[PDB]
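S.K.: Handing you this structure, nothing more for now.
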Amino acid sequence: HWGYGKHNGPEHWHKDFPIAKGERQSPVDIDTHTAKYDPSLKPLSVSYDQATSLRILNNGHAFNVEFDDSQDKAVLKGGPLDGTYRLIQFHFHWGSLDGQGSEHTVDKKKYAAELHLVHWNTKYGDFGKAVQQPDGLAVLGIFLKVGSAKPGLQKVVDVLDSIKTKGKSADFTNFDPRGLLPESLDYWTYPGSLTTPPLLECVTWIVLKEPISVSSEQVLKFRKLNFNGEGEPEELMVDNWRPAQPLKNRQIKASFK
Ligand SMILES: NS(=O)(=O)Nc1ccc(S(N)(=O)=O)cc1
Ligand SMILES: NS(=O)(=O)Nc1ccc(S(N)(=O)=O)cc1
Ligand SMILES: NS(=O)(=O)Nc1ccc(S(N)(=O)=O)cc1
Ligand SMILES: [Zn+2]
């Protein structure tokens with residue numbers, strides 16, 4: 001069905017998911033000069049010391065590293081968030097070339113890729129119930145640029161050959177997501193949505209200002225994945241990003257001055 005091709009890409013999504021033209025859609029361009037420092041923001045807290053990864057899956061749109069979220073582990077709190085949000089999975093969006101790939105942009109600049117660490121508000125019980133609330137999710141977005149290799153990303157890169165096609169999964173335990181974070185937690189935040197259908201508007205976006213560096217070799221392996229399932233014509237999993245959407249009645253807040 002929906003995808004990133006000419007006949008099922010972002011421009012077509014609204015037909016089956018009308019919210020695609022909603023009032024708080026993501027991603028968006030982050031105009032750094034218009035963004036305003038917000039003193040009401042509390043310190044951001046990323047506590048992944050107890051994170052328990054379980055599996056990695058090629059879902060035909062990207063690959064998800066899934067976590068066991070049945071217990072109070074790997075949580076995000078503070079910042080613009082009220083309460084605790086639990087990590088359920090992370091994935092990336094990337095391009096066919098280093099010059100594009102990210103969903104959010106900074107002053108219209110597109111990064112090579114973008115990491116999304118997905119969390120759900122614990123007050124709602126689980127992910128399913130959370131996506132029915134305006135503040136059900138919190139996604140920590142991190143930009144990727146091509147340069148030095150990111151050591152903490154290699155284990156992910158080396159398992160991709162086992163989940164080349166749609167529907168394939170593989171055991172992926174003991175992966176520490178702390179190895180994917182930049183040094184600084186400075187960020188921009190705004191109310192948005194999921195960037196892929198169903199495009200639900202339940203996300204508080206927290207996009208870090210400092211990008212992490214990954215090597216050309218690492219991202220090239222991302223590009224070897226397939227959108228298609230085994231035995232079908234090969235279509236490389238590249239450019240699986242949605243372009244910036246209208247900001248509409250929203251303001252982007254900065255955690256730094
Ligand atoms: N969300 S959407 O992009 O409109 N969904 C969609 C778009 C195109 C087709 S198809 N394969 O052309 O019939 C099927 C589903
Ligand atoms: N809830 S869990 O079984 O521990 N883990 C889990 C992790 C990820 C997803 S999903 N399908 O990515 O939303 C669903 C469940
Ligand atoms: N695929 S889903 O079950 O709706 N969950 C989901 C989770 C996160 C995002 S995103 N790209 O981080 O906005 C999009 C969809
Ligand atoms: Zn995403």
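Identifiers for the structure tokens are assigned positionally: chains receive A, B, ... in sequence, residues are indexed from 1 per chain, and ligands are indexed from 1 in the order shown.
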Ligand 1: which residues are within 12 Å, counting only C-alpha atoms and all ligand atoms, as a list in words?
M.R.: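 Result of the 12 Å neighbour search around ligand 1: residues 1, 2, 3, 4, 5, 6, 7, 8, 9, 10, 11, 12, 13, 14, 15, 16, 17, 18, 19, 20, 196, 197, 198, 199 and 242 of chain A.
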S.K.: Just N, CA and C atoms for this one: save the residues we selected as a PDB file, in the first residue's frame.
M.R.:
ATOM      1  N   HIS A   1       0.824  -1.239   0.000  1.00  0.00           N
ATOM      2  CA  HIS A   1       0.000   0.000   0.000  1.00  0.00           C
ATOM      3  C   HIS A   1       0.844   1.269   0.000  1.00  0.00           C
ATOM      4  N   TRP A   2       0.765   2.065   1.063  1.00  0.00           N
ATOM      5  CA  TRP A   2       1.545   3.296   1.103  1.00  0.00           C
ATOM      6  C   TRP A   2       3.039   2.996   1.135  1.00  0.00           C
ATOM      7  N   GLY A   3       3.822   3.928   0.605  1.00  0.00           N
ATOM      8  CA  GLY A   3       5.261   3.764   0.588  1.00  0.00           C
ATOM      9  C   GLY A   3       5.971   5.070   0.281  1.00  0.00           C
ATOM     10  N   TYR A   4       7.089   4.978  -0.431  1.00  0.00           N
ATOM     11  CA  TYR A   4       7.856   6.162  -0.790  1.00  0.00           C
ATOM     12  C   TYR A   4       8.149   6.244  -2.283  1.00  0.00           C
ATOM     13  N   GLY A   5       7.317   5.582  -3.079  1.00  0.00           N
ATOM     14  CA  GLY A   5       7.490   5.605  -4.521  1.00  0.00           C
ATOM     15  C   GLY A   5       6.669   6.712  -5.149  1.00  0.00           C
ATOM     16  N   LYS A   6       6.778   6.867  -6.463  1.00  0.00           N
ATOM     17  CA  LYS A   6       6.030   7.905  -7.159  1.00  0.00           C
ATOM     18  C   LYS A   6       4.524   7.684  -7.089  1.00  0.00           C
ATOM     19  N   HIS A   7       4.112   6.425  -7.024  1.00  0.00           N
ATOM     20  CA  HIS A   7       2.693   6.109  -7.005  1.00  0.00           C
ATOM     21  C   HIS A   7       2.070   5.834  -5.641  1.00  0.00           C
ATOM     22  N   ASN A   8       2.883   5.814  -4.591  1.00  0.00           N
ATOM     23  CA  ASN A   8       2.357   5.554  -3.254  1.00  0.00           C
ATOM     24  C   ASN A   8       3.093   6.367  -2.192  1.00  0.00           C
ATOM     25  N   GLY A   9       3.808   7.397  -2.638  1.00  0.00           N
ATOM     26  CA  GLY A   9       4.572   8.233  -1.728  1.00  0.00           C
ATOM     27  C   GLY A   9       3.798   9.279  -0.945  1.00  0.00           C
ATOM     28  N   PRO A  10       4.515  10.164  -0.238  1.00  0.00           N
ATOM     29  CA  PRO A  10       3.966  11.245   0.587  1.00  0.00           C
ATOM     30  C   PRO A  10       2.831  12.070  -0.022  1.00  0.00           C
ATOM     31  N   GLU A  11       2.875  12.299  -1.330  1.00  0.00           N
ATOM     32  CA  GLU A  11       1.839  13.092  -1.993  1.00  0.00           C
ATOM     33  C   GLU A  11       0.513  12.353  -2.138  1.00  0.00           C
ATOM     34  N   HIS A  12       0.548  11.042  -1.926  1.00  0.00           N
ATOM     35  CA  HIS A  12      -0.633  10.191  -2.055  1.00  0.00           C
ATOM     36  C   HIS A  12      -1.275   9.812  -0.727  1.00  0.00           C
ATOM     37  N   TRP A  13      -0.497   9.864   0.347  1.00  0.00           N
ATOM     38  CA  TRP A  13      -0.978   9.465   1.663  1.00  0.00           C
ATOM     39  C   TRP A  13      -2.301  10.048   2.141  1.00  0.00           C
ATOM     40  N   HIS A  14      -2.558  11.311   1.819  1.00  0.00           N
ATOM     41  CA  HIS A  14      -3.777  11.969   2.275  1.00  0.00           C
ATOM     42  C   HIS A  14      -5.074  11.294   1.845  1.00  0.00           C
ATOM     43  N   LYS A  15      -5.033  10.548   0.748  1.00  0.00           N
ATOM     44  CA  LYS A  15      -6.232   9.879   0.256  1.00  0.00           C
ATOM     45  C   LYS A  15      -6.738   8.789   1.190  1.00  0.00           C
ATOM     46  N   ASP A  16      -5.823   8.102   1.861  1.00  0.00           N
ATOM     47  CA  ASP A  16      -6.223   7.061   2.797  1.00  0.00           C
ATOM     48  C   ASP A  16      -6.060   7.514   4.238  1.00  0.00           C
ATOM     49  N   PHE A  17      -5.277   8.572   4.433  1.00  0.00           N
ATOM     50  CA  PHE A  17      -5.030   9.128   5.759  1.00  0.00           C
ATOM     51  C   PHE A  17      -5.198  10.640   5.650  1.00  0.00           C
ATOM     52  N   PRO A  18      -6.454  11.110   5.613  1.00  0.00           N
ATOM     53  CA  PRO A  18      -6.751  12.541   5.501  1.00  0.00           C
ATOM     54  C   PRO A  18      -6.046  13.459   6.496  1.00  0.00           C
ATOM     55  N   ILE A  19      -5.658  12.916   7.644  1.00  0.00           N
ATOM     56  CA  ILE A  19      -4.983  13.715   8.657  1.00  0.00           C
ATOM     57  C   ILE A  19      -3.628  14.194   8.134  1.00  0.00           C
ATOM     58  N   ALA A  20      -3.232  13.681   6.972  1.00  0.00           N
ATOM     59  CA  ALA A  20      -1.969  14.068   6.348  1.00  0.00           C
ATOM     60  C   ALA A  20      -1.940  15.575   6.095  1.00  0.00           C
ATOM     61  N   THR A 196       4.783   8.768   9.360  1.00  0.00           N
ATOM     62  CA  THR A 196       4.365   7.759   8.393  1.00  0.00           C
ATOM     63  C   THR A 196       2.929   7.417   8.732  1.00  0.00           C
ATOM     64  N   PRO A 197       2.163   6.934   7.745  1.00  0.00           N
ATOM     65  CA  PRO A 197       0.773   6.575   8.035  1.00  0.00           C
ATOM     66  C   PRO A 197       0.796   5.654   9.255  1.00  0.00           C
ATOM     67  N   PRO A 198      -0.216   5.740  10.131  1.00  0.00           N
ATOM     68  CA  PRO A 198      -1.405   6.600  10.116  1.00  0.00           C
ATOM     69  C   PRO A 198      -1.261   8.103  10.382  1.00  0.00           C
ATOM     70  N   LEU A 199      -0.029   8.596  10.512  1.00  0.00           N
ATOM     71  CA  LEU A 199       0.222  10.029  10.721  1.00  0.00           C
ATOM     72  C   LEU A 199      -0.532  10.638  11.904  1.00  0.00           C
ATOM     73  N   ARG A 242       9.701  11.599   4.831  1.00  0.00           N
ATOM     74  CA  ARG A 242       8.589  12.458   4.442  1.00  0.00           C
ATOM     75  C   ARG A 242       9.141  13.880   4.488  1.00  0.00           C
TER      76      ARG A 242
END
S.K.: Distance limit 9 Å, reference ligand 3, atoms considered: only C-alpha atoms and all ligand atoms. Which residues make the cut? Give them as a PyMOL selection string.
M.R.: chain A and resi 26-27+59+88-93+103+115-119+127-128+131+137-141+192-200+203+205+241-242
S.K.: Please write the residues from the selection above to a file, keeping C-alpha atoms, as a PDB file, in the first residue's frame.
M.R.:
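Output (selection37.pdb):
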ATOM      1  CA  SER A  26       5.443  16.226  11.074  1.00  0.00           C
ATOM      2  CA  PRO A  27       8.181  16.621  10.122  1.00  0.00           C
ATOM      3  CA  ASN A  59       8.873  -3.653   8.185  1.00  0.00           C
ATOM      4  CA  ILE A  88       9.490   1.011  22.706  1.00  0.00           C
ATOM      5  CA  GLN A  89      11.598   1.132  19.515  1.00  0.00           C
ATOM      6  CA  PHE A  90      13.967   3.193  17.395  1.00  0.00           C
ATOM      7  CA  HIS A  91      14.508   3.416  13.649  1.00  0.00           C
ATOM      8  CA  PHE A  92      16.025   5.681  11.019  1.00  0.00           C
ATOM      9  CA  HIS A  93      15.015   7.544   7.864  1.00  0.00           C
ATOM     10  CA  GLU A 103      12.734  14.315   7.824  1.00  0.00           C
ATOM     11  CA  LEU A 115      17.214   8.626  14.134  1.00  0.00           C
ATOM     12  CA  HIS A 116      13.861   8.331  15.898  1.00  0.00           C
ATOM     13  CA  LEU A 117      13.714   6.929  19.437  1.00  0.00           C
ATOM     14  CA  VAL A 118      10.010   6.296  20.088  1.00  0.00           C
ATOM     15  CA  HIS A 119       8.494   6.491  23.577  1.00  0.00           C
ATOM     16  CA  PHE A 127       1.449   2.086  23.036  1.00  0.00           C
ATOM     17  CA  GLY A 128      -1.962   1.254  21.590  1.00  0.00           C
ATOM     18  CA  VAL A 131      -1.662   6.720  20.157  1.00  0.00           C
ATOM     19  CA  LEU A 137       4.039   9.841  22.410  1.00  0.00           C
ATOM     20  CA  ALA A 138       7.437  11.485  22.611  1.00  0.00           C
ATOM     21  CA  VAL A 139       9.960  10.949  19.846  1.00  0.00           C
ATOM     22  CA  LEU A 140      13.584  11.907  20.319  1.00  0.00           C
ATOM     23  CA  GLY A 141      14.991  12.837  16.933  1.00  0.00           C
ATOM     24  CA  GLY A 192       3.556  17.011  15.958  1.00  0.00           C
ATOM     25  CA  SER A 193       2.627  13.657  14.472  1.00  0.00           C
ATOM     26  CA  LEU A 194       3.899  10.291  13.358  1.00  0.00           C
ATOM     27  CA  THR A 195       5.758  10.874  10.080  1.00  0.00           C
ATOM     28  CA  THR A 196       4.365   7.759   8.393  1.00  0.00           C
ATOM     29  CA  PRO A 197       0.773   6.575   8.035  1.00  0.00           C
ATOM     30  CA  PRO A 198      -1.405   6.600  10.116  1.00  0.00           C
ATOM     31  CA  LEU A 199       0.222  10.029  10.721  1.00  0.00           C
ATOM     32  CA  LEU A 200      -1.490  10.287  14.118  1.00  0.00           C
ATOM     33  CA  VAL A 203       3.728  13.266  19.331  1.00  0.00           C
ATOM     34  CA  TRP A 205       8.878  16.046  19.187  1.00  0.00           C
ATOM     35  CA  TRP A 241      11.629  10.178   4.503  1.00  0.00           C
ATOM     36  CA  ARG A 242       8.589  12.458   4.442  1.00  0.00           C
TER      37      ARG A 242
END
S.K.: Please, which residues have at least one atom within 9 Å of an atom of ligand 2, using only C-alpha atoms and all ligand atoms, listed as an MDAnalysis selection string?
M.R.: chainID A and resid 53:55 57 64:71 87:90 118 126:128
S.K.: For atom CA of residue 51 of chain A and atom CA of residue 206 of chain A, determine how far apart the two atoms are, in Å to one decimal place.
M.R.: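 That distance, rounded to one decimal, is 19.4 Å.
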S.K.: Give me the residues within 10 Å of residue 156 of chain A as a VMD selection string, counting only C-alpha atoms and dropping any in the same chain fewer than 6 places off.
M.R.: chain A and resid 56 63 65 172 175 218 222
S.K.: Considering only C-alpha atoms and all ligand atoms, can you say which of A:124, A:227, A:188, A:143 comes closest to ligand 4?
M.R.: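 Nearest candidate to ligand 4 out of A:124, A:227, A:188, A:143: A:143.
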S.K.: Enumerate as a PyMOL selection string all residues of segment 14-233 of chain A assigned to strand (DSSP E) by DSSP on the backbone, naming them with the chain letters and numbers the document uses.
M.R.: chain A and resi 29-30+36-37+42-47+53-58+63-67+75-79+85-94+105-106+113-121+137-146+169-171+187-192+203-208+212-214
S.K.: Would you list the contacts of residue 142 of chain A as a PDB file with N, CA, C and O atoms, in the first residue's frame, taking every protein, DNA or RNA residue within 8 Å and counting only C-alpha atoms, but skipping same-chain residues closer than 3 positions in sequence?
M.R.:
ATOM      1  N   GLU A 114      18.147  10.446   9.857  1.00  0.00           N
ATOM      2  CA  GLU A 114      17.561  10.898  11.110  1.00  0.00           C
ATOM      3  C   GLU A 114      17.112   9.697  11.921  1.00  0.00           C
ATOM      4  O   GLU A 114      16.415   8.812  11.412  1.00  0.00           O
ATOM      5  N   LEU A 115      17.533   9.682  13.181  1.00  0.00           N
ATOM      6  CA  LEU A 115      17.214   8.626  14.134  1.00  0.00           C
ATOM      7  C   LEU A 115      15.999   9.021  14.961  1.00  0.00           C
ATOM      8  O   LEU A 115      15.915  10.146  15.451  1.00  0.00           O
ATOM      9  N   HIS A 116      15.062   8.092  15.108  1.00  0.00           N
ATOM     10  CA  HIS A 116      13.861   8.331  15.898  1.00  0.00           C
ATOM     11  C   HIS A 116      13.743   7.315  17.026  1.00  0.00           C
ATOM     12  O   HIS A 116      13.576   6.122  16.775  1.00  0.00           O
ATOM     13  N   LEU A 181      23.642   8.488  20.947  1.00  0.00           N
ATOM     14  CA  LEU A 181      23.400   9.878  21.321  1.00  0.00           C
ATOM     15  C   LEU A 181      24.625  10.770  21.157  1.00  0.00           C
ATOM     16  O   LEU A 181      25.762  10.313  21.278  1.00  0.00           O
ATOM     17  N   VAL A 207      13.826  17.296  19.102  1.00  0.00           N
ATOM     18  CA  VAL A 207      14.879  17.119  18.109  1.00  0.00           C
ATOM     19  C   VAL A 207      16.179  17.727  18.605  1.00  0.00           C
ATOM     20  O   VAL A 207      16.255  18.928  18.861  1.00  0.00           O
ATOM     21  N   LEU A 208      17.203  16.893  18.744  1.00  0.00           N
ATOM     22  CA  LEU A 208      18.493  17.363  19.230  1.00  0.00           C
ATOM     23  C   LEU A 208      19.200  18.226  18.197  1.00  0.00           C
ATOM     24  O   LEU A 208      19.156  17.949  17.002  1.00  0.00           O
ATOM     25  N   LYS A 209      19.857  19.276  18.674  1.00  0.00           N
ATOM     26  CA  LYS A 209      20.570  20.193  17.799  1.00  0.00           C
ATOM     27  C   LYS A 209      21.880  19.603  17.281  1.00  0.00           C
ATOM     28  O   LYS A 209      22.235  19.800  16.119  1.00  0.00           O
ATOM     29  N   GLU A 210      22.597  18.879  18.135  1.00  0.00           N
ATOM     30  CA  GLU A 210      23.866  18.287  17.721  1.00  0.00           C
ATOM     31  C   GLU A 210      23.668  16.968  16.988  1.00  0.00           C
ATOM     32  O   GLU A 210      23.091  16.028  17.528  1.00  0.00           O
ATOM     33  N   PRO A 211      24.146  16.881  15.739  1.00  0.00           N
ATOM     34  CA  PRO A 211      23.988  15.633  14.995  1.00  0.00           C
ATOM     35  C   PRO A 211      25.092  14.669  15.395  1.00  0.00           C
ATOM     36  O   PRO A 211      26.097  15.076  15.979  1.00  0.00           O
ATOM     37  N   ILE A 212      24.894  13.388  15.112  1.00  0.00           N
ATOM     38  CA  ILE A 212      25.937  12.423  15.395  1.00  0.00           C
ATOM     39  C   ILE A 212      26.580  12.144  14.046  1.00  0.00           C
ATOM     40  O   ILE A 212      25.955  12.339  12.997  1.00  0.00           O
TER      41      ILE A 212
END
S.K.: Hey, what's within 10 Å of residue 72 of chain A if we count only C-alpha atoms and toss same-chain stuff fewer than 6 positions away? As number ranges by chain, please?
M.R.: A: 50-51, 84-87, 122
S.K.: Could you write out the selected residues, including N, CA and C atoms, as a CSV table (one decimal), in the first residue's frame?
M.R.:
chain,number,residue,atom,x,y,z
A,50,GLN,N,18.9,0.9,31.7
A,50,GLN,CA,18.2,-0.4,31.9
A,50,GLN,C,17.6,-0.9,30.6
A,51,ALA,N,17.8,-0.2,29.5
A,51,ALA,CA,17.2,-0.6,28.2
A,51,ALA,C,17.4,-2.1,27.8
A,84,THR,N,6.3,10.3,32.6
A,84,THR,CA,7.4,9.5,32.0
A,84,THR,C,7.0,8.8,30.8
A,85,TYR,N,7.9,8.8,29.8
A,85,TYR,CA,7.7,8.1,28.5
A,85,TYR,C,8.7,7.0,28.4
A,86,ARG,N,8.1,5.8,28.0
A,86,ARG,CA,8.9,4.6,27.9
A,86,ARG,C,9.4,4.2,26.5
A,87,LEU,N,10.6,3.9,26.3
A,87,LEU,CA,11.2,3.5,25.0
A,87,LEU,C,10.6,2.2,24.5
A,122,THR,N,3.5,6.7,29.9
A,122,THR,CA,3.1,5.6,30.7
A,122,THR,C,1.7,5.7,31.4
S.K.: Give the answer as one residue: which of A:177, A:167, A:182, A:101 has the shortest atom-to-atom distance to ligand 4, using only C-alpha atoms and all ligand atoms?
M.R.: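 Using only C-alpha atoms and all ligand atoms, ligand 4 sits closest to A:101.
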S.K.: In terms of the shortest atom-to-atom distance over only C-alpha atoms, which of A:78, A:213, A:232, A:30 is closest to residue 107 of chain A?
M.R.: A:30
S.K.: Please identify the helix (DSSP H, G or I) residues within segment 17-188 of chain A (assignment by DSSP from backbone atoms) and present them as number ranges by chain.
M.R.: A: 18-21, 122-124, 127-130, 151-157, 160-163, 177-180
S.K.: What gap, in Å, lies between atom CA of residue 168 of chain A and atom CA of residue 240 of chain A?
M.R.: 17.8 Å
S.K.: Which of these, A:251, A:32, A:52, A:102, has the shortest distance to ligand 4 once you count only C-alpha atoms and all ligand atoms?
M.R.: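 Result for the nearest residue to ligand 4: A:102.
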S.K.: Given only C-alpha atoms and all ligand atoms as the basis, pick out the residue of A:96, A:243, A:169, A:82 nearest to ligand 4.
M.R.: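 Of the candidates, the smallest distance to ligand 4 is held by A:243.
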